[PDB]
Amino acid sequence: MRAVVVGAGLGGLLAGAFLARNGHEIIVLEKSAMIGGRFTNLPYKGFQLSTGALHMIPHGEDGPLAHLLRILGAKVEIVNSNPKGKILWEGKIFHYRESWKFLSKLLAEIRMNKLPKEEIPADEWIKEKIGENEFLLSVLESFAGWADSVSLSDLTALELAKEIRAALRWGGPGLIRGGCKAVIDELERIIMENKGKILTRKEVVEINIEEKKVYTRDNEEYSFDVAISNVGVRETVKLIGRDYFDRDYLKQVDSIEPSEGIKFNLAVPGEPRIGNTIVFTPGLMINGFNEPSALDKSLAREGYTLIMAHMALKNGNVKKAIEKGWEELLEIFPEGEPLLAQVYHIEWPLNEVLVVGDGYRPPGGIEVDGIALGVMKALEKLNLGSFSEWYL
């Protein structure tokens, strides 16, 4: 069939690649002059920074994203973090396993697939099931900030449980050789080698459901059998037209408030300081940081190591937050020199048009693995793809 993809972000390119591979006619329409959206590279002062993800995948080689890339025929080198993760507490960075020493479990239950019937905040359920441990609640707060850009109290016990299940199933994160762009380049190649088209500088202004045609600002017409939107729920509703949605759904969409985050790109002189791993920072505004060049050295500038820290903004003041961000990094990395700070239920009702990308991350799906999980679900909903429940 004919599929028109609106937006060339990770979700859009994954869907386009999968469908093109399966013999469908794919046309990707990208508004900007470059593809990749918030999952590609940003050359900057001799460093390969990113437009979003920290050149890392939440579950590395083991999650939904890696699986999708493998079955698509993408050749991308993803290496899981040495220890799955580490923690910075009371002046020391240690292996996550050491954490138990701060305690006097339910992971076994989550392993058994048994999730909480409880409908209470995640911080509340942790206190009850485990206890009010000042260390644990602090680390889980960093996890929530890093993986979901919210406070632990902002997650339901069920959501945290599902993310915990995902971690037990697919393990820790992994770095990408070549950065995020490596993935983008492969998806672009797969689409082009499978009869697909990728048109940049094509801004979609209307997804007409009745005519089944997509219109661009420059008046070009593209008819479709299926349309895949990688532009987010709110914008997609606008492109289609509000009248095509139920009143209560429009209420939910108009109520969506994106959770902002701040990224700190730090140029530390010398050799890698942490290697292929992530470091949670309980107690700080920053939630954690990684060292992408620990795998691909070309990502950093000569004689330098690239450090990327993530900070969930919440209701923080940008100027103050950025300042507090560099302050904490100065304390952790005295020789570090600031490079750039970057600032970033009713289900979808239609079937001819579906949404993929950050606007659709199924429960338990973290960041880009969450994006990939959404693409899998969309494909199944279209009865155009089938995936093991090990990934769903």
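Numbering starts at 1 and follows the sequence shown.
Interval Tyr344-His345, deposited residues with no coordinates in the entry (none, 1 to 3, 4 to 9, 10 or more): Per the deposited record, the segment joining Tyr344 and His345 lacks coordinates for 10 or more residues.
Select one of none, 1 to 3, 4 to 9, or 10 or more to describe the deposited residues without coordinates separating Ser104 and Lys105. In the deposited sequence, 4 to 9 residues between these two have no coordinates.
On mean C-alpha B-factor from the PDB entry, just flag whether 124-132 or 314-322 is the higher one. Higher mean C-alpha B-factor in the PDB entry: 124-132.
Using only the Cα atoms and their B-factors as the entry lists them, report which of 213-221 and 303-311 averages higher. Mean C-alpha B-factor is greater for 303-311.
Candidate set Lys75, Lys181, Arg242, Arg111 [ranked by C-alpha B-factor, highest]: Of the options given, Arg111 has the highest CA B-factor in the PDB entry.
Among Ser142, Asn265, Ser259, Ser229, where is the Cα temperature factor highest, going by the PDB entry? The record points to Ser259.
Could you look up the Cα B-factor of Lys197 in the entry and say which third of the chain it sits in: lowest, middle or highest? Its C-alpha B-factor, which the entry lists for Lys197, ranks in the middle third among residues of this chain.
According to the PDB entry, is the CA B factor of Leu330 in the bottom, middle or top third of its chain, that is, lowest, middle or highest? Its C-alpha B-factor, which the entry lists for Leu330, ranks in the highest third among residues of this chain.
Lowest, middle or highest third: where is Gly171 by C-alpha B factor in its chain? For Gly171, the deposited C-alpha B-factor lands in the lowest third.
Assigned third (lowest, middle, highest) for the C-alpha B factor of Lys117: Its C-alpha B-factor, which the entry lists for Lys117, ranks in the highest third among residues of this chain.
Modelled-residue ranking by C-alpha temperature factor, third containing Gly60: For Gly60, the deposited C-alpha B-factor lands in the lowest third.
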